[PDB]
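Chemist: Data: coords-v1.txt, compact mmCIF, C-alpha atoms.
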```
# COMPACT_ATOMS: atom_id res chain seq x y z
CA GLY A 1 -52.55 -0.16 -52.34
CA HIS A 2 -55.72 0.03 -50.24
CA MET A 3 -55.39 -1.34 -46.71
CA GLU A 4 -58.49 -2.62 -44.90
CA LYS A 5 -58.73 -2.86 -41.09
CA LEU A 6 -58.88 -6.50 -40.07
CA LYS A 7 -59.01 -6.27 -36.30
CA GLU A 8 -57.96 -4.41 -33.16
CA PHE A 9 -55.65 -5.45 -30.36
CA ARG A 10 -54.63 -4.14 -26.96
CA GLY A 11 -51.50 -4.65 -24.89
CA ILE A 12 -48.04 -6.10 -25.65
CA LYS A 13 -49.18 -9.73 -25.48
CA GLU A 14 -51.76 -9.20 -28.27
CA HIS A 15 -49.37 -7.01 -30.27
CA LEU A 16 -46.88 -9.90 -30.40
CA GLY A 17 -49.75 -12.36 -31.02
CA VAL A 18 -51.16 -10.66 -34.13
CA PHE A 19 -47.60 -10.60 -35.51
CA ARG A 20 -47.18 -14.33 -34.79
CA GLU A 21 -50.47 -14.92 -36.63
CA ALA A 22 -49.43 -12.70 -39.57
CA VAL A 23 -46.15 -14.68 -40.10
CA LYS A 24 -47.38 -18.16 -39.16
CA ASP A 25 -46.39 -19.79 -42.45
CA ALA A 26 -43.03 -18.01 -42.83
CA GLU A 27 -39.60 -19.60 -42.50
CA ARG A 28 -37.35 -16.52 -42.67
CA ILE A 29 -38.24 -12.99 -41.61
CA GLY A 30 -36.23 -9.84 -42.33
CA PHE A 31 -36.83 -6.66 -40.29
CA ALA A 32 -35.57 -3.46 -41.98
CA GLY A 33 -35.32 -0.27 -40.00
CA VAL A 34 -33.31 2.65 -38.72
CA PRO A 35 -30.52 1.56 -36.34
CA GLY A 36 -31.07 2.68 -32.74
CA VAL A 37 -34.69 3.83 -32.98
CA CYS A 38 -36.06 0.72 -34.75
CA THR A 39 -33.53 -2.04 -33.86
CA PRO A 40 -35.33 -2.73 -30.50
CA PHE A 41 -38.62 -3.40 -32.36
CA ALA A 42 -36.96 -5.80 -34.66
CA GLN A 43 -35.49 -7.60 -31.57
CA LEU A 44 -38.85 -7.64 -29.78
CA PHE A 45 -40.81 -9.12 -32.65
CA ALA A 46 -38.01 -11.55 -33.59
CA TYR A 47 -38.19 -12.79 -30.00
CA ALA A 48 -41.92 -13.45 -30.47
CA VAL A 49 -41.09 -15.61 -33.50
CA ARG A 50 -37.70 -16.92 -32.35
CA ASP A 51 -38.53 -20.31 -33.91
CA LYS A 52 -37.94 -18.72 -37.32
CA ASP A 53 -34.68 -17.69 -38.95
CA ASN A 54 -34.69 -13.90 -38.54
CA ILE A 55 -32.43 -11.08 -39.67
CA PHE A 56 -32.14 -7.29 -39.12
CA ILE A 57 -31.46 -5.11 -42.16
CA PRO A 58 -30.07 -1.69 -41.24
CA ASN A 59 -31.80 1.07 -43.23
CA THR A 60 -32.10 -0.39 -46.74
CA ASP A 61 -28.67 -2.07 -46.79
CA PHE A 62 -29.32 -5.79 -47.29
CA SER A 63 -25.58 -6.50 -47.59
CA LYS A 64 -25.16 -5.41 -43.94
CA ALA A 65 -28.01 -7.63 -42.64
CA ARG A 66 -27.20 -9.62 -39.49
CA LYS A 67 -28.78 -12.64 -37.86
CA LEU A 68 -31.13 -12.00 -34.93
CA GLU A 69 -30.04 -14.75 -32.56
CA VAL A 70 -31.43 -15.84 -29.17
CA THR A 71 -28.89 -15.75 -26.31
CA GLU A 72 -29.27 -15.83 -22.49
CA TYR A 73 -29.74 -12.06 -22.78
CA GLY A 74 -32.54 -12.10 -25.37
CA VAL A 75 -32.13 -11.49 -29.08
CA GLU A 76 -28.74 -10.18 -30.12
CA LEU A 77 -27.18 -9.40 -33.50
CA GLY A 78 -25.07 -12.22 -34.91
CA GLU A 79 -23.05 -12.63 -38.12
CA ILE A 80 -23.66 -10.90 -41.45
CA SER A 81 -26.38 -12.85 -43.31
CA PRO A 82 -27.78 -11.32 -46.52
CA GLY A 83 -30.19 -14.18 -47.22
CA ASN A 84 -33.48 -13.23 -48.71
CA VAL A 85 -36.62 -13.72 -46.68
CA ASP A 86 -40.14 -14.90 -47.23
CA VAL A 87 -41.57 -12.03 -45.12
CA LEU A 88 -39.96 -8.63 -45.21
CA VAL A 89 -41.08 -6.37 -42.37
CA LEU A 90 -40.47 -2.64 -42.89
CA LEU A 91 -40.23 -0.69 -39.61
CA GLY A 92 -41.85 2.71 -39.28
CA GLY A 93 -38.60 4.69 -38.87
CA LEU A 94 -37.81 4.01 -42.55
CA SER A 95 -40.63 6.39 -43.50
CA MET A 96 -39.31 9.28 -41.39
CA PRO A 97 -37.99 12.39 -43.20
CA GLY A 98 -34.21 13.05 -43.03
CA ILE A 99 -33.16 9.41 -43.22
CA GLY A 100 -35.79 7.17 -43.12
CA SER A 101 -34.83 5.93 -46.62
CA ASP A 102 -35.89 7.23 -49.99
CA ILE A 103 -38.80 5.32 -51.57
CA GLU A 104 -36.70 4.06 -54.46
CA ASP A 105 -34.06 2.59 -52.07
CA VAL A 106 -36.95 0.96 -50.20
CA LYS A 107 -38.38 -0.53 -53.40
CA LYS A 108 -34.92 -1.84 -54.32
CA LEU A 109 -34.73 -3.47 -50.87
CA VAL A 110 -38.07 -5.14 -51.49
CA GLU A 111 -36.81 -6.33 -54.87
CA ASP A 112 -33.56 -7.66 -53.43
CA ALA A 113 -34.38 -9.02 -49.97
CA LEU A 114 -37.93 -10.33 -50.39
CA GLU A 115 -38.05 -13.67 -52.18
CA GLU A 116 -40.42 -13.77 -55.20
CA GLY A 117 -43.96 -14.54 -53.96
CA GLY A 118 -43.03 -13.43 -50.40
CA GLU A 119 -45.08 -11.12 -48.15
CA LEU A 120 -44.35 -7.44 -47.59
CA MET A 121 -45.32 -6.18 -44.14
CA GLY A 122 -45.07 -3.03 -42.09
CA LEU A 123 -44.89 -2.73 -38.36
CA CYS A 124 -45.15 0.85 -37.11
CA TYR A 125 -46.42 3.18 -34.40
CA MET A 126 -48.77 6.17 -34.59
CA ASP A 127 -49.85 5.29 -38.17
CA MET A 128 -46.45 6.23 -39.56
CA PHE A 129 -46.72 4.43 -42.88
CA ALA A 130 -50.21 5.71 -43.80
CA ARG A 131 -49.15 9.26 -42.79
CA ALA A 132 -46.04 9.13 -44.99
CA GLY A 133 -48.13 8.18 -48.06
CA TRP A 134 -46.58 4.69 -48.11
CA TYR A 135 -49.85 2.76 -48.57
CA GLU A 136 -50.08 4.42 -51.99
CA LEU A 137 -46.35 4.07 -52.82
CA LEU A 138 -45.84 0.42 -51.69
CA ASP A 139 -48.01 -2.72 -51.98
CA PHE A 140 -48.16 -3.90 -48.33
CA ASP A 141 -49.72 -7.31 -47.71
CA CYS A 142 -50.26 -6.61 -44.01
CA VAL A 143 -49.53 -3.68 -41.69
CA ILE A 144 -49.65 -3.81 -37.91
CA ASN A 145 -49.92 -0.33 -36.40
CA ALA A 146 -49.92 0.48 -32.67
CA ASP A 147 -50.61 3.66 -30.73
CA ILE A 148 -48.85 4.48 -27.49
CA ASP A 149 -49.93 6.71 -24.64
CA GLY A 150 -49.17 6.78 -20.98
CA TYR A 151 -48.46 8.60 -17.76
CA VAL A 152 -45.53 9.60 -15.55
CA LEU A 153 -46.04 9.13 -11.81
CA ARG A 154 -43.89 10.36 -8.94
CA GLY A 155 -43.46 8.90 -5.46
CA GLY B 1 -45.27 4.09 -1.65
CA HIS B 2 -48.15 6.11 -3.11
CA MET B 3 -47.61 7.15 -6.67
CA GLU B 4 -49.12 10.42 -7.89
CA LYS B 5 -49.85 11.00 -11.59
CA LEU B 6 -47.66 13.85 -12.92
CA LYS B 7 -48.44 14.06 -16.62
CA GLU B 8 -49.65 12.18 -19.66
CA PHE B 9 -47.81 11.59 -22.94
CA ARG B 10 -48.67 10.31 -26.42
CA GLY B 11 -46.49 8.52 -28.95
CA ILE B 12 -42.95 7.18 -29.09
CA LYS B 13 -41.09 10.56 -29.28
CA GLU B 14 -42.82 11.74 -26.09
CA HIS B 15 -42.32 8.36 -24.34
CA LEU B 16 -38.57 8.72 -24.89
CA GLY B 17 -38.73 12.41 -23.93
CA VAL B 18 -40.35 11.91 -20.50
CA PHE B 19 -37.67 9.30 -19.78
CA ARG B 20 -34.86 11.75 -20.80
CA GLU B 21 -36.45 14.26 -18.48
CA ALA B 22 -36.77 11.82 -15.56
CA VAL B 23 -33.03 10.86 -15.77
CA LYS B 24 -31.61 14.24 -16.79
CA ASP B 25 -29.32 14.51 -13.74
CA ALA B 26 -28.10 10.86 -13.97
CA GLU B 27 -24.68 9.66 -14.95
CA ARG B 28 -25.15 5.89 -15.04
CA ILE B 29 -28.41 4.09 -15.61
CA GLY B 30 -29.13 0.37 -15.04
CA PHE B 31 -32.09 -1.35 -16.72
CA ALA B 32 -33.13 -4.64 -15.04
CA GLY B 33 -35.60 -6.90 -16.87
CA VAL B 34 -36.45 -10.30 -18.19
CA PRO B 35 -34.23 -11.31 -21.11
CA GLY B 36 -36.01 -11.47 -24.49
CA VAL B 37 -39.19 -9.63 -23.74
CA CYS B 38 -37.68 -6.72 -21.75
CA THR B 39 -34.18 -6.42 -23.26
CA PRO B 40 -35.54 -4.43 -26.24
CA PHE B 41 -37.03 -1.79 -23.90
CA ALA B 42 -33.71 -1.43 -22.15
CA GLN B 43 -32.04 -0.93 -25.56
CA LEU B 44 -34.68 1.59 -26.73
CA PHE B 45 -34.48 3.79 -23.67
CA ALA B 46 -30.73 3.45 -23.45
CA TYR B 47 -30.53 4.79 -27.00
CA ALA B 48 -32.65 7.76 -25.91
CA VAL B 49 -29.97 8.58 -23.24
CA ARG B 50 -26.93 7.33 -25.16
CA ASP B 51 -24.83 10.15 -23.64
CA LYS B 52 -25.00 8.27 -20.29
CA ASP B 53 -23.16 5.12 -19.19
CA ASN B 54 -25.93 2.49 -19.37
CA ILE B 55 -26.09 -1.21 -18.43
CA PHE B 56 -28.58 -4.06 -18.80
CA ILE B 57 -29.10 -6.36 -15.77
CA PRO B 58 -30.70 -9.73 -16.71
CA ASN B 59 -33.49 -10.58 -14.27
CA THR B 60 -32.05 -9.69 -10.86
CA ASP B 61 -28.51 -10.87 -11.60
CA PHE B 62 -26.24 -7.84 -11.13
CA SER B 63 -23.08 -9.93 -11.59
CA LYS B 64 -24.17 -10.67 -15.15
CA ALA B 65 -24.81 -6.98 -16.03
CA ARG B 66 -23.48 -5.85 -19.45
CA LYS B 67 -22.75 -2.45 -20.96
CA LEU B 68 -25.37 -1.08 -23.38
CA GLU B 69 -23.16 0.27 -26.16
CA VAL B 70 -24.05 2.21 -29.32
CA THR B 71 -22.83 0.71 -32.57
CA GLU B 72 -23.71 1.35 -36.25
CA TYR B 73 -26.59 -1.09 -35.61
CA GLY B 74 -28.06 0.63 -32.51
CA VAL B 75 -27.53 -0.40 -28.92
CA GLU B 76 -25.86 -3.77 -28.39
CA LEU B 77 -24.63 -5.62 -25.28
CA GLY B 78 -20.92 -5.17 -24.49
CA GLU B 79 -18.64 -6.40 -21.69
CA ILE B 80 -19.73 -7.55 -18.18
CA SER B 81 -19.95 -4.41 -16.02
CA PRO B 82 -21.49 -4.85 -12.56
CA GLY B 83 -21.01 -1.18 -11.52
CA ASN B 84 -23.74 0.34 -9.43
CA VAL B 85 -25.88 3.08 -10.93
CA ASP B 86 -27.42 6.34 -9.87
CA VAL B 87 -30.76 5.45 -11.53
CA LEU B 88 -32.01 1.86 -11.52
CA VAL B 89 -34.90 1.23 -13.93
CA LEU B 90 -36.92 -1.88 -13.26
CA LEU B 91 -38.75 -3.20 -16.35
CA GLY B 92 -42.34 -4.47 -16.05
CA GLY B 93 -41.48 -8.05 -17.02
CA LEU B 94 -39.78 -8.45 -13.63
CA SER B 95 -43.22 -8.33 -12.00
CA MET B 96 -44.76 -11.09 -14.10
CA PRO B 97 -45.51 -14.30 -12.20
CA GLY B 98 -43.32 -17.32 -13.15
CA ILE B 99 -40.01 -15.55 -13.40
CA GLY B 100 -40.51 -12.20 -13.08
CA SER B 101 -38.27 -12.36 -9.99
CA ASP B 102 -39.29 -12.77 -6.36
CA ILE B 103 -39.70 -9.47 -4.49
CA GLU B 104 -36.89 -10.30 -2.04
CA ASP B 105 -34.61 -10.82 -5.06
CA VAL B 106 -35.70 -7.43 -6.48
CA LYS B 107 -35.05 -5.72 -3.11
CA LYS B 108 -31.60 -7.31 -3.02
CA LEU B 109 -30.93 -5.98 -6.51
CA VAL B 110 -31.97 -2.46 -5.46
CA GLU B 111 -29.61 -2.73 -2.48
CA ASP B 112 -26.67 -4.08 -4.54
CA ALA B 113 -27.09 -2.15 -7.80
CA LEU B 114 -28.56 1.22 -6.83
CA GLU B 115 -26.05 3.76 -5.27
CA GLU B 116 -27.08 5.00 -1.85
CA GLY B 117 -29.22 8.13 -2.52
CA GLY B 118 -29.93 7.04 -6.13
CA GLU B 119 -33.34 6.93 -7.79
CA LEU B 120 -35.52 3.87 -8.26
CA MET B 121 -37.63 3.95 -11.44
CA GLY B 122 -40.15 1.64 -13.15
CA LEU B 123 -40.80 1.54 -16.89
CA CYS B 124 -43.76 -0.69 -17.76
CA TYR B 125 -46.74 -1.25 -19.99
CA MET B 126 -50.39 -1.86 -19.13
CA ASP B 127 -49.84 -0.72 -15.52
CA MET B 128 -47.92 -3.96 -14.67
CA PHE B 129 -46.21 -2.70 -11.51
CA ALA B 130 -49.36 -1.30 -9.85
CA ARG B 131 -51.30 -4.45 -10.81
CA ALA B 132 -48.64 -6.70 -9.26
CA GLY B 133 -48.84 -4.74 -5.95
CA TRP B 134 -45.32 -3.32 -6.43
CA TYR B 135 -46.28 0.32 -5.55
CA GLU B 136 -46.90 -1.05 -2.05
CA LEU B 137 -43.93 -3.41 -2.01
CA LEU B 138 -41.30 -1.00 -3.38
CA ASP B 139 -40.53 2.66 -2.94
CA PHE B 140 -40.41 3.92 -6.54
CA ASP B 141 -39.33 7.47 -7.16
CA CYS B 142 -40.81 7.65 -10.66
CA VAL B 143 -42.75 5.21 -12.81
CA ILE B 144 -43.42 5.66 -16.52
CA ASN B 145 -46.35 3.53 -17.70
CA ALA B 146 -47.56 3.18 -21.29
CA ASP B 147 -50.62 1.55 -22.82
CA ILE B 148 -50.57 -0.02 -26.26
CA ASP B 149 -53.38 -0.53 -28.71
CA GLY B 150 -53.59 -0.92 -32.45
CA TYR B 151 -54.96 -2.47 -35.58
CA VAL B 152 -54.02 -5.04 -38.18
CA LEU B 153 -54.74 -4.17 -41.82
CA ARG B 154 -54.53 -6.28 -44.96
CA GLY B 155 -53.82 -5.37 -48.61
```
Re-express the file's structure as structure tokens.
Modeler:
Amino acid sequence: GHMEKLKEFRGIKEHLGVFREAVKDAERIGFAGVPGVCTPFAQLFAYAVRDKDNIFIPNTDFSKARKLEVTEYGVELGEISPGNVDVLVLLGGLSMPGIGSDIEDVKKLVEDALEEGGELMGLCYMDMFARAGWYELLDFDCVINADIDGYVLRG
Amino acid sequence: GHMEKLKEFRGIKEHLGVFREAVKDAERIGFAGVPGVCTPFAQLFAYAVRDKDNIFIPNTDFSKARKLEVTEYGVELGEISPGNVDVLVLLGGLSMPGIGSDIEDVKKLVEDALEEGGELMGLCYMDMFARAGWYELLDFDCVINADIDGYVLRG
């Protein structure tokens, strides 16, 4: 349903910080997204909340979820771990045409992987979820959206 | 040395695209950055050039470099592989005080890990390298810099 702007942020430090604030009371976070494109975002935000027990769900396949574990290299994928979560974070790639996932497979994921009473979140770039119609199709509790722009310089 | 602005980009697809362009003639790419916060950027951009032979170097420790390999989950760390590279991409976290790495250590890494005649690149956010004085301290061939801003919304 209707999503109201809470606040703005700037830079990577604040991007991680508003996520930490959003999940402050959570024990177990699940990040669901498209392998390759979205996996790095799951690893980045899991790192920011590495105190929690975190998992990565590929596409909408909860049975293939793996632990997001801290190593000397950062966050890496660990063993299969289809435990439900008290915050489920959908990544923007899921909403992409062609395999993002269909809305009914997404709703089944929410039914299966999010514990009853848990929070549904989205983390995306360039307003992907709003643009896909997903604010009307899903009941997000919180969405964090970032925009990216930049420059290439040569020596 | 002096870095001249070449072009601007917007969004994730274009961010990946300018990187693909910058390394189009490369065969093996090394990404060096701080584990945890920078590893995901190495994985993201490696995915974007998954046709190449790519490695992740933790901090400035070449001997601990690992292959960046594509799996059904995205890019994951594989075996130790301290082979030099024809493009070395320093990640912005390396320039952060406190372990970002000392500049002598970074110069050593460029000498050990970058092939003679290879290209030295920077990939950072929020203009980290310029702000740390690294355009004066290092001779980058290309730097790709992105800024992030966004919003939090609630349901």
Chemist: Onto chain A, please fit chain B by least squares using all C-alpha atoms in order, then return the transformed chain as a CSV table (one decimal) with C-alpha atoms, keeping the file's coordinate frame.
Modeler:
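Below you can see out_1.csv, which holds the result:
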```csv
chain,number,residue,atom,x,y,z
B,1,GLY,CA,-52.5,-0.3,-52.3
B,2,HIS,CA,-55.7,0.1,-50.2
B,3,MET,CA,-55.4,-1.3,-46.7
B,4,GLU,CA,-58.5,-2.6,-45.0
B,5,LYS,CA,-58.7,-2.8,-41.2
B,6,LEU,CA,-58.9,-6.5,-40.0
B,7,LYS,CA,-58.9,-6.3,-36.3
B,8,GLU,CA,-57.9,-4.4,-33.2
B,9,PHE,CA,-55.6,-5.5,-30.4
B,10,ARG,CA,-54.7,-4.2,-26.9
B,11,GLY,CA,-51.5,-4.6,-24.9
B,12,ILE,CA,-48.1,-6.1,-25.5
B,13,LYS,CA,-49.1,-9.8,-25.4
B,14,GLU,CA,-51.7,-9.3,-28.2
B,15,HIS,CA,-49.3,-7.1,-30.2
B,16,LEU,CA,-46.9,-10.0,-30.3
B,17,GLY,CA,-49.7,-12.4,-31.0
B,18,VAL,CA,-51.1,-10.7,-34.1
B,19,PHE,CA,-47.6,-10.6,-35.5
B,20,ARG,CA,-47.1,-14.4,-34.8
B,21,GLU,CA,-50.4,-14.9,-36.6
B,22,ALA,CA,-49.4,-12.8,-39.6
B,23,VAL,CA,-46.1,-14.7,-40.1
B,24,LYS,CA,-47.3,-18.2,-39.1
B,25,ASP,CA,-46.5,-19.7,-42.5
B,26,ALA,CA,-43.0,-18.0,-42.8
B,27,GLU,CA,-39.6,-19.6,-42.5
B,28,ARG,CA,-37.3,-16.6,-42.6
B,29,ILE,CA,-38.3,-13.0,-41.6
B,30,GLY,CA,-36.3,-9.8,-42.3
B,31,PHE,CA,-36.8,-6.7,-40.3
B,32,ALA,CA,-35.6,-3.5,-42.0
B,33,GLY,CA,-35.4,-0.3,-39.9
B,34,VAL,CA,-33.4,2.7,-38.7
B,35,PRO,CA,-30.6,1.6,-36.4
B,36,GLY,CA,-31.1,2.7,-32.7
B,37,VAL,CA,-34.7,3.7,-32.8
B,38,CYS,CA,-36.1,0.7,-34.8
B,39,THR,CA,-33.6,-2.1,-33.9
B,40,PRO,CA,-35.4,-2.8,-30.6
B,41,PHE,CA,-38.7,-3.4,-32.4
B,42,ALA,CA,-36.9,-5.9,-34.7
B,43,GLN,CA,-35.5,-7.6,-31.6
B,44,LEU,CA,-38.9,-7.7,-29.8
B,45,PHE,CA,-40.8,-9.2,-32.6
B,46,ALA,CA,-38.0,-11.5,-33.6
B,47,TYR,CA,-38.1,-12.9,-30.0
B,48,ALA,CA,-41.9,-13.5,-30.5
B,49,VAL,CA,-41.1,-15.7,-33.5
B,50,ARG,CA,-37.7,-17.1,-32.3
B,51,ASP,CA,-38.5,-20.4,-33.9
B,52,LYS,CA,-37.9,-18.7,-37.3
B,53,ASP,CA,-34.7,-17.7,-39.0
B,54,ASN,CA,-34.7,-13.9,-38.5
B,55,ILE,CA,-32.4,-11.1,-39.7
B,56,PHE,CA,-32.1,-7.3,-39.1
B,57,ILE,CA,-31.4,-5.1,-42.1
B,58,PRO,CA,-30.0,-1.6,-41.2
B,59,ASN,CA,-31.8,1.1,-43.1
B,60,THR,CA,-32.1,-0.3,-46.7
B,61,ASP,CA,-28.7,-2.0,-46.7
B,62,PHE,CA,-29.3,-5.7,-47.3
B,63,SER,CA,-25.5,-6.4,-47.6
B,64,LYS,CA,-25.1,-5.4,-44.0
B,65,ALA,CA,-28.0,-7.7,-42.7
B,66,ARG,CA,-27.2,-9.6,-39.5
B,67,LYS,CA,-28.8,-12.7,-37.9
B,68,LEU,CA,-31.1,-12.0,-34.9
B,69,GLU,CA,-30.0,-14.7,-32.5
B,70,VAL,CA,-31.4,-15.7,-29.1
B,71,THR,CA,-28.9,-15.7,-26.3
B,72,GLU,CA,-29.3,-15.8,-22.4
B,73,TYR,CA,-29.7,-12.0,-22.7
B,74,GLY,CA,-32.5,-12.0,-25.4
B,75,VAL,CA,-32.1,-11.4,-29.1
B,76,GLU,CA,-28.7,-10.1,-30.2
B,77,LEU,CA,-27.1,-9.4,-33.6
B,78,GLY,CA,-25.0,-12.3,-35.0
B,79,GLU,CA,-23.1,-12.8,-38.2
B,80,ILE,CA,-23.7,-10.9,-41.6
B,81,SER,CA,-26.4,-12.9,-43.4
B,82,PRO,CA,-27.8,-11.2,-46.5
B,83,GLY,CA,-30.2,-14.1,-47.4
B,84,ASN,CA,-33.5,-13.2,-48.8
B,85,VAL,CA,-36.6,-13.7,-46.7
B,86,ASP,CA,-40.2,-14.9,-47.3
B,87,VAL,CA,-41.6,-12.1,-45.1
B,88,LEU,CA,-40.0,-8.7,-45.2
B,89,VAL,CA,-41.1,-6.4,-42.3
B,90,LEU,CA,-40.5,-2.7,-42.9
B,91,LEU,CA,-40.3,-0.7,-39.6
B,92,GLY,CA,-41.9,2.7,-39.3
B,93,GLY,CA,-38.7,4.6,-38.8
B,94,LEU,CA,-37.8,4.0,-42.5
B,95,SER,CA,-40.6,6.4,-43.5
B,96,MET,CA,-39.4,9.3,-41.3
B,97,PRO,CA,-38.0,12.2,-43.3
B,98,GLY,CA,-34.2,12.8,-43.0
B,99,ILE,CA,-33.1,9.2,-43.2
B,100,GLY,CA,-35.8,7.2,-43.2
B,101,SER,CA,-34.7,6.0,-46.6
B,102,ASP,CA,-35.8,7.2,-50.0
B,103,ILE,CA,-38.7,5.3,-51.5
B,104,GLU,CA,-36.6,4.1,-54.5
B,105,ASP,CA,-34.1,2.7,-52.0
B,106,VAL,CA,-37.0,0.9,-50.1
B,107,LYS,CA,-38.3,-0.5,-53.4
B,108,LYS,CA,-34.9,-1.8,-54.3
B,109,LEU,CA,-34.7,-3.4,-50.9
B,110,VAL,CA,-38.0,-5.2,-51.4
B,111,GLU,CA,-36.7,-6.4,-54.8
B,112,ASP,CA,-33.4,-7.6,-53.4
B,113,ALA,CA,-34.4,-8.9,-50.0
B,114,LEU,CA,-38.0,-10.3,-50.4
B,115,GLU,CA,-38.3,-13.7,-52.2
B,116,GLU,CA,-40.5,-13.6,-55.3
B,117,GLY,CA,-44.0,-14.4,-54.0
B,118,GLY,CA,-43.1,-13.4,-50.4
B,119,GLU,CA,-45.1,-11.1,-48.2
B,120,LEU,CA,-44.4,-7.4,-47.6
B,121,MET,CA,-45.3,-6.2,-44.1
B,122,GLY,CA,-45.2,-3.0,-42.1
B,123,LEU,CA,-44.9,-2.7,-38.3
B,124,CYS,CA,-45.2,0.9,-37.1
B,125,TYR,CA,-46.5,3.2,-34.4
B,126,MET,CA,-48.8,6.2,-34.7
B,127,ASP,CA,-49.8,5.3,-38.2
B,128,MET,CA,-46.4,6.3,-39.7
B,129,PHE,CA,-46.7,4.5,-43.0
B,130,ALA,CA,-50.1,5.8,-43.9
B,131,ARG,CA,-49.1,9.3,-42.9
B,132,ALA,CA,-46.0,9.2,-45.0
B,133,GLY,CA,-48.1,8.2,-48.1
B,134,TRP,CA,-46.6,4.7,-48.1
B,135,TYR,CA,-49.9,2.8,-48.6
B,136,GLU,CA,-50.0,4.5,-52.0
B,137,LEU,CA,-46.3,4.1,-52.7
B,138,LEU,CA,-45.9,0.4,-51.7
B,139,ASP,CA,-48.0,-2.7,-52.0
B,140,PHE,CA,-48.1,-3.9,-48.4
B,141,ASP,CA,-49.7,-7.3,-47.7
B,142,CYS,CA,-50.3,-6.6,-44.0
B,143,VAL,CA,-49.5,-3.7,-41.7
B,144,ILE,CA,-49.6,-3.8,-37.9
B,145,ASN,CA,-50.0,-0.3,-36.4
B,146,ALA,CA,-49.9,0.5,-32.7
B,147,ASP,CA,-50.6,3.7,-30.7
B,148,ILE,CA,-48.9,4.5,-27.5
B,149,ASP,CA,-50.0,6.7,-24.6
B,150,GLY,CA,-49.2,6.8,-21.0
B,151,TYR,CA,-48.5,8.7,-17.8
B,152,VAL,CA,-45.6,9.7,-15.6
B,153,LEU,CA,-46.1,9.3,-11.8
B,154,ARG,CA,-43.9,10.4,-8.9
B,155,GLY,CA,-43.4,9.0,-5.4
```
Chemist: So that I can see what lies close to range 73-88 of chain A, please list as JSON, numbers by chain the residues with an atom at most 8 Å from it, counting all atoms listed in the file and leaving out residues fewer than 3 positions away in the same chain.
Modeler: {"A": [23, 26, 27, 28, 29, 30, 31, 32, 43, 44, 46, 47, 55, 56, 62, 63, 64, 65, 66, 67, 68, 69, 70, 110, 112, 113, 114, 115, 117, 118, 119, 120, 121], "B": [35, 36, 37, 39, 58, 76, 77]}
Chemist: Compile the residues of chain A that lie within 8 Å of chain B, evaluated using all atoms listed in the file, and express the compilation as an MDAnalysis selection string.
Modeler: chainID A and resid 1:12 15 18 35:37 39:41 43:44 47 58 70 72:77 125:126 139:155
Chemist: CA of residue 92 in chain B and CA of residue 20 in chain B, how far apart in Å?
Modeler: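 Computed distance, CA of residue 20 in chain B to CA of residue 92 in chain B, equals 18.5 Å.
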Chemist: Do you have the CA of residue 103 in chain B-CA of residue 17 in chain A distance handy?
Modeler: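 Distance reported for this atom pair: 28.5 Å.
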Chemist: First collect every listed atom of range 53-71 of chain B; then fit an axis-aligned box around them, widen it by 6 Å on each side, and give centre and edge lengths in Å to one decimal, as AutoDock Vina command-line options.
Modeler:
```
--center_x -28.1 --center_y -2.9 --center_z -21.7 --size_x 22.7 --size_y 28.0 --size_z 33.7
```
Chemist: Using CA of residue 61 in chain B and CA of residue 49 in chain B as the two end points, give the distance in Å to one decimal.
Modeler: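 Answer for the CA of residue 61 in chain B to CA of residue 49 in chain B separation: 22.7 Å.
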Chemist: Quick one: of B:106, B:16, B:111, B:52, who's nearest to residue 91 in chain B, counting only C-alpha atoms?
Modeler: B:106
Chemist: Just checking: using all atoms listed in the file, which residue out of B:54, B:133, B:138, B:93 ends up closest to residue 108 in chain B?
Modeler: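 Once distances to residue 108 in chain B are computed over all atoms listed in the file, the minimum belongs to B:138.
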Chemist: Identify which of the residues B:116, B:128, B:51, B:21 lies closest to residue 100 in chain B, counting all atoms listed in the file when measuring atom-to-atom distances.
Modeler: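 With all atoms listed in the file as the atom set, the closest residue is B:128.
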